């Protein structure tokens, strides 16, 4: 992608001061608060990609305070997925709960990516939580998230069988000629 000069200066400075709480906070107040919207999104996106999740959480906190801020599912998705990839499952789940409270609407790929993230980290309970949220979505569920779950839940046949049963009951016709279980 595409990272401007101010955004790049901030990213290098945050990573530089990462372990000094004192210097970091002053740097944030001095160089990060003035960032324009596009540049803040650019900085949090790069931190998330690099899995500098502690700095990303700080950026998200600054962002929420901005005059232009409006809760966005993708902004939450990106952070949660970065957290799961860094094995901060509790922080990730907590952000997912906060997202739900803001009444946002994950698309199917969002449910699926979060679920894959939790399963990868060996957290079936968290995956199932997101799965149960997916079943309550306004949208009808797509099959892909079920295939992910059934393959990630082999070591946990009670969870896997429950998912398998939710599918057959939700897609009687589709279960028949296209098993996600298979």
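Numbering follows the first chain given and starts at 1.
**Student:** Output the stretch having the higher mean C-alpha B factor in the entry; the candidates are 20-28 and 168-176.
**Tutor:** Comparing 20-28 with 168-176, the higher mean C-alpha B-factor belongs to 168-176.
**Student:** Can you tell me which stretch has the higher mean Cα B-factor, 137-145 or 54-62?
**Tutor:** Result: 137-145.
**Student:** Determine which member of 45, 124, 117, 155 has the highest CA B-factor, using the values in the deposited entry.
**Tutor:** Answer, based on the entry's C-alpha B-factors: 155.
**Student:** Compare the C-alpha B factor of residue 107 with those of the other modelled residues in its chain, then answer lowest, middle or highest third.
**Tutor:** Residue 107: CA B-factor falls in the middle third of its chain.
**Student:** If you rank every modelled residue in this chain by C-alpha B factor, which third holds residue 98: lowest, middle or highest?
**Tutor:** Lowest third.
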